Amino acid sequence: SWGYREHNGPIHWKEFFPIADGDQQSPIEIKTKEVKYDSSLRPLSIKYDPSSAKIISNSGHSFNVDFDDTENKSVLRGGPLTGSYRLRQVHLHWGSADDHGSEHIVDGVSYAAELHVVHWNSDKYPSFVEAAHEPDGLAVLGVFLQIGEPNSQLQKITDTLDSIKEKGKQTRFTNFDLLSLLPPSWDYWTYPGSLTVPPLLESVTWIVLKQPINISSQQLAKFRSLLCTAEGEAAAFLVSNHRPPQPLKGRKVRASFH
């Protein structure tokens, strides 16, 4: 089964998921000299209902906070998007060191970690599973994290981690103020790409926010204490879960700002 260890990590994924070498894979290096400003891009419009959050689980690959997705209470519109994209879940990527944990990189620079907020096109498709197999199906908001003052919604997450240490565990999680994990500037970059985990489907419109938010070193370290293994298996720790940047293959990265 896939993971981030030496014999099941990113370089091996193509052995089971051939789309790993596809032409629209993520993450990428954003090269600001090649980024094109586009005045047709719209500002992001976001609304996340804190009571939309239901549970947090350990997938063995990250934590996932899952949201009720039967209504348009928590939705993302505008940006590069056509129509309404319904919030499905949030999760985080990090690395074994505090200065090299993000998925996307900007002009050579890695951030400490990278938060992804996953949405699906509910104006066109009947569920997230269906949306995940279409080019305009999903939209993921990426927010970088840098070492700084602790965020209280990140503490709300890290307080749960002891209860979800083993893969498959979950616990109630609601009244989650997700909008608190967005930076005050919503300037962004956007490009067409993929899930960064197997099955690596090329269905994602990426929207990567330029400004980072802050996490403490203590908060960040608590994520590395999650296991990628299940209860009563030999313990292995999720000390890193970021995929390297993938070939751009000519894709256009657009900026909302200049």
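Take the two forms, superpose them, and find the largest set of C-alpha atoms that agree within 1.5 Å; that set is the rigid core. All residue numbers are counted from 1 along the displayed sequence.
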> When the core is superposed, where do the C-alphas shift more in 9 other deposited structures of this protein: in 73-81 or in 153-161?
Replying inline: 153-161
> After fitting on the rigid core, which stretch moves more in 9 other deposited structures of this protein, 169-177 or 144-152, going by C-alpha RMS?
Replying inline: 144-152
> Of 17-25 and 231-239, which one has the bigger average CA B-factor?
Replying inline: 231-239
>> Mean CA temperature factor from the deposited coordinates, higher in 40-48 or in 61-69?
In response: 40-48
> Checking the entry, which one of 87, 139, 143, 154 has the top C-alpha B factor?
Replying inline: 154
>> Among the choices 208, 221, 53, 30, identify the one whose CA B-factor in the record is greatest.
In response: 53
> If you rank the chain by CA B-factor, which third does residue 131 end up in: lowest, middle or highest?
Replying inline: middle
>> Using the temperature factors of the C-alpha atoms in this entry, rank residue 187 within its chain: lowest, middle or highest third.
In response: middle
> Among the chain's modelled residues, which third holds the C-alpha B-factor of residue 111?
Replying inline: lowest
> Of the three thirds of its chain by CA temperature factor, lowest, middle or highest, which one includes residue 35?
Replying inline: highest
>> Lowest, middle or highest third: which one holds residue 125 when the chain's residues are ordered by CA B-factor from the entry?
In response: middle
